[PDB]
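Descriptive structure summary
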Amino acid sequence: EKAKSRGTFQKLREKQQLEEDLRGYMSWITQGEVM
Amino acid sequence: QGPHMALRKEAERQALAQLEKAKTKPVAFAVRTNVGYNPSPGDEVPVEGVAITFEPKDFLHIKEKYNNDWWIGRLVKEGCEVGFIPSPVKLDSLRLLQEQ
Amino acid sequence: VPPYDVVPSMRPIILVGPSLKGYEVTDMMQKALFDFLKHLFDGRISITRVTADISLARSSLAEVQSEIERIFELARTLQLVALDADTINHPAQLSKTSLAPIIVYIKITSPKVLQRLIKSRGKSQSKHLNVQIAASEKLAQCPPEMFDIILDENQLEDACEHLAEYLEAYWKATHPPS
């Protein structure tokens, strides 16, 4: 509780969202290169 | 009365046969609506019951032209059939009767 | 004020504004989406490549209207129309003509990811950092209900589960059963 209310929730939410938005960004590339 | 029902009821079935014979006809031209409209009892509707309604910003795939006051076409919506589209001169006729 | 406007019988499918077009970022993002709708709806679509600016009714009136009437020809056989328009970056950019196309809005859910995609394109697109984020913001400033189809999905299949099913709900709206 001392961690999550301080700042540690947004460290694991952003980087899990910034990874799943990265693979979506890189899927928009890897189909554009093949087709 | 009896002399008025010989021609008025033989026009409803003749306009119903034209309405049934236009559903299989291909789509000629589609329009974009700007205002809203629903069918009323005094709108001189040729087949009383088979008219369609549109609100602002709707689409109407018009099949054919029945007369100078009603078009025949369908609503762009799941399951909707053909219907009586009021012409722009019919939409010009309906508003001026609200003043007179 | 005319109440009825002569629009095509089958609306042309078009997506614009995720990132300003005319770049390696936004166009290669859309080029993956044109590949999905080519073979999924093969035989019931007409996909074209648009050159002249159709937001004008630069090019004259005749070179644009002869391409607008080509869209009018592609609505006659009652099939889907798709446009690869390269300058469309606004909802009201295509609000004055008599086409009314389908506004598929690709939604980048996070603005910080775009400039990380920008640094993935080398240093060619790294010279064009803030200029893409202008209409990326302005399309994000436009209301989403003014659009038609919104794609906020990172993976291929989840943006394409909306991109196939929405027009399949739209095809059955245009075409009645016998």
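Calculation notes
Residues numbered from 1 in each chain as written, not as in the entry; some residues may be left out. Chains lettered and ligands numbered in written order. Part of a larger assembly, values for the part shown. Heavy atoms only, no water. Residues with missing side-chain atoms left out of burial classes, pairs and counts. Helix = DSSP H or I, 4+ residues; strand = E, 2+ residues; numbered from the N terminus. Rg over C-alpha atoms; globule rule 2.2 N^0.38 Å. Contact = heavy atoms within 4.5 Å. Axes fitted to C-alpha atoms, helices over the stretch in contact; angles between N-to-C directions. Parallel < 35°, antiparallel > 145°, perpendicular 65-115°, else oblique. Left-handed = near helix turned anticlockwise from the far one by under 90°. Nonpolar A, V, L, I, M, F, W, Y, C, P; charged D, E, K, R; others polar. Pairing = 2+ DSSP bridges. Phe/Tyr/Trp six-rings, centres within 6.5 Å; stacked < 30°, edge-to-face > 60°. UniProt positions renumbered as here; feature names shortened; annotations may be inferred.

So, the overall build of chain C
- Helix and strand counts for chain C stand at five helices and six strands.
- Relative to the 2.2 N^0.38 estimate, which gives 16 Å for 178 residues, the radius of gyration of chain C is 17 Å and therefore close to what a compact globule would have.
- Seen through its C-alpha atoms, chain C measures out along the principal axes to roughly 50 × 40 × 30 Å.

Observations concerning the overall build of chain B
- In terms of helices and strands, chain B carries two helices and four strands.
- Ordered by position from N to C terminus, the α and β elements of chain B give α-β-β-β-β-α.
- At 14 Å, chain B has a C-alpha radius of gyration in line with the 13 Å of a compact globule built from 100 residues.
- For chain B, contacts bridging at least 24 residues in sequence account for 49% of all contacts bridging at least 6.

So, the packing of helix α1 (residues 4–34) of chain A against helix α1 (residues 24–40) of chain C
- Interhelical geometry of α1 of chain A versus α1 of chain C gives an angle of 65 degrees and a closest axis separation of 7 Å. Overall, the two elements α1 of chain A and α1 of chain C adopt an arrangement that is roughly perpendicular. In this structure, α1 of chain A crosses over α1 of chain C, and the sense of that crossing is left-handed. Between α1 of chain A and α1 of chain C, the contacting residues are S27, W28, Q31, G32 and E33 of chain A on the first element and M28, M29, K31, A32 and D35 of chain C on the second.
- Each residue belonging to the contact of α1 of chain A with α1 of chain C can be placed in one class, and the counts come to four nonpolar, three polar and three charged.

Topic: the interface of chain C and chain B
- Taken together, the contacts link 19 residues of chain C with 23 residues of chain B.
- Elements represented by at least two residues in the side of chain C that touches chain B include exactly β1 (4–7) and α5 (156–174) of chain C.
- Here the residues of the side of chain C that touches chain B sort into twelve nonpolar, four polar and three charged.
- In this sheet, β1 of chain C lies alongside strand β1 (residues 29–33) of chain B in antiparallel orientation, the contact comprising four bridges. Residue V31 of chain B lies in a different strand from β1 of chain C, and its bridge partner there is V6 of chain C.

As for the interface of chain C and chain A
- Contacts between chain C and chain A engage 17 residues on the former and 15 residues on the latter.
- Going through the elements one at a time, α1 and α3 (111–118) of chain C are the ones with two or more residues in the side of chain C that touches chain A.
- Among the elements that line the side of chain C that touches chain A, the one with the most residues is α1 of chain C, at five residues.
- Its residues placed into classes, the side of chain C that touches chain A shows eight nonpolar, four polar and five charged.

Here we look at the sheet that holds strand β2 (residues 59–65) of chain B
- The five strands lie next to each other as β4(B)-β3(B)-β2(B)-β1(B)-β1(C), forming an open sheet whose pairing is antiparallel. Each edge of the sheet is formed by a strand with only one pairing partner; in this case those strands are β4 (82–86) of chain B together with β1 of chain C. Between one strand axis and the next, the sheet turns by 45 degrees as a mean value, whatever way the strands run.
- Note that β2 of chain B and strand β3 (residues 70–75) of chain B share five bridges and pair antiparallel. Bridge pairing links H61 of chain B to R74 of chain B in β3 of chain B.

Remarks on the packing of aromatic side chains
- Measuring from centroid to centroid gives 5.5 Å for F29 of chain B and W71 of chain B, while their planes differ by 80 degrees, and the two rings are edge-to-face. Taken together, the residues span a long stretch of sequence, with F29 of chain B in strand β1 and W71 of chain B in strand β3 at a distance of 42 residues.
- On the basis of an interplanar angle of 75 degrees and a centroid distance of 6.2 Å, the ring pair of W70 of chain B and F84 of chain B is categorised as edge-to-face. With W70 of chain B in strand β3 and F84 of chain B in strand β4, this pair connects stretches of sequence that are 14 residues apart.
- Of the aromatic side chains, those joined through ring pairs into one cluster are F29, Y37, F54 and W71 of chain B together with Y4 of chain C.

Remarks on the arrangement of the chains
- Among two pairs of chains with at least one contact, chains B and C form the most extensive contact set.
- Structurally, chain A and chain B remain out of contact, their C-alpha atoms never closer than 32 Å.

Topic: the UniProt feature "domain: SH3" in chain B
- Under the present numbering, the feature "domain: SH3" in UniProt falls on residues 26–95 of chain B.
- Between the C-alpha atoms that bound residues 26–95 of chain B there is a distance of 31 Å. The span itself is 11% helix and 33% strand.

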